[PDB]
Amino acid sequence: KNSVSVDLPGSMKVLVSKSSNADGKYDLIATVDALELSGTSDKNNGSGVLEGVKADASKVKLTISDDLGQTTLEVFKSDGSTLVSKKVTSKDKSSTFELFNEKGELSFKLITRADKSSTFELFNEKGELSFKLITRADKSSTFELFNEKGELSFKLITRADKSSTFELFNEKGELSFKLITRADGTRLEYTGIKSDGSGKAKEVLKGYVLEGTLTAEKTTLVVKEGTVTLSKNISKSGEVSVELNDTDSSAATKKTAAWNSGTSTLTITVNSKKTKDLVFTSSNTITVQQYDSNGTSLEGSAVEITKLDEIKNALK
């Protein structure tokens, strides 16, 4: 009737009486949704057990630890045993919530972190895990889906800059198809992936697309023109490196190339003179600039390429 209001983990509040009762203990009052829960503690700091019974004989039990460092809120059906919901909170939430179905079986679990990381686990009518939503502080995401065989059937990975990774899984739960949408809407598509992770690959750029294969730790993309093969390689890391071979054997026309990962530039040489620099830009575009008749300095401006034809023209 006169006493203090302490705060509790979860932004809940408890009023403790500052004067004992018959048994030397202290009265607790707290309002869960619309019920006024009450209890008795030896302690006088707001810790203890509070219980209440709903208009529909539904039991509510609220436990606060000695050091006010944890709260458990349990709701039971009218038989005081099979539960409706369970919420556990420390600091600074740090949280775990559980909703059960009308049957007392678990329907979903939400684990919420201090930084505000979610892991959402949802459970199906058979008691298995159907899907999972992971969210980390920066809002980047993982949506995982499962099937009868207790394996992945689909996964979407989002990053706050839009960029995503889209995956589909085969009969045995092995990856068979992957689509990586970049920042700028450029895409890498992987198809027919095998148990050993080999497959077909395809890079969709602005106005043209490059094709090739998937292996071990790399993707190899290839453009052919007469006797020349230009290769773009993307490693496990996402390391881009470029190479060129020419089967033509006459030192007058044979192209040879040098790659410089520092500047992301492939330099083509013919007849001991530099001819072109191909630049692989951080905007997932290629540019092409020619050198002088000396092959010592670059002339004009770098030219942004539009279509596979122009890539082939620089290889001619």
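Position 1 is the first residue in the sequence shown; the rest follow in order.
Asks: On mean Cα temperature factor in this entry, is 55-63 or 23-31 the higher one?
Replies: Per the PDB entry, the higher value belongs to 23-31.
Asks: Of the two stretches 170-178 and 156-164, which shows the higher Cα B-factor on average in the entry?
Replies: It is 156-164 that shows the higher mean C-alpha B-factor.
Asks: Out of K232, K202, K87, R136, whose C-alpha atom has the biggest B factor in the entry?
Replies: If I rank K232, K202, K87, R136 by C-alpha B-factor, first place goes to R136.
Asks: In terms of CA temperature factor as recorded, identify the highest of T71, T191, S117, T186.
Replies: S117 has the highest C-alpha B-factor of those listed.
Asks: Classify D277 as lowest, middle or highest third according to the C-alpha B-factor given in the PDB entry, relative to its own chain.
Replies: Tercile = lowest for this residue's CA B-factor.
Asks: Compared with the other modelled residues in the chain, in which third is the CA B-factor of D196?
Replies: Its C-alpha B-factor, which the entry lists for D196, ranks in the middle third among residues of this chain.
Asks: Please rank the C-alpha B-factors of the chain's modelled residues and tell me whether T227 sits in the lowest, middle or highest third.
Replies: Lowest third of the chain for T227's C-alpha B-factor.
Asks: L122: which third of its chain by C-alpha temperature factor?
Replies: CA B-factor rank for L122: highest third.
Asks: Thinking about Cα B factors across the chain, which third does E98 belong to?
Replies: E98: CA B-factor falls in the lowest third of its chain.
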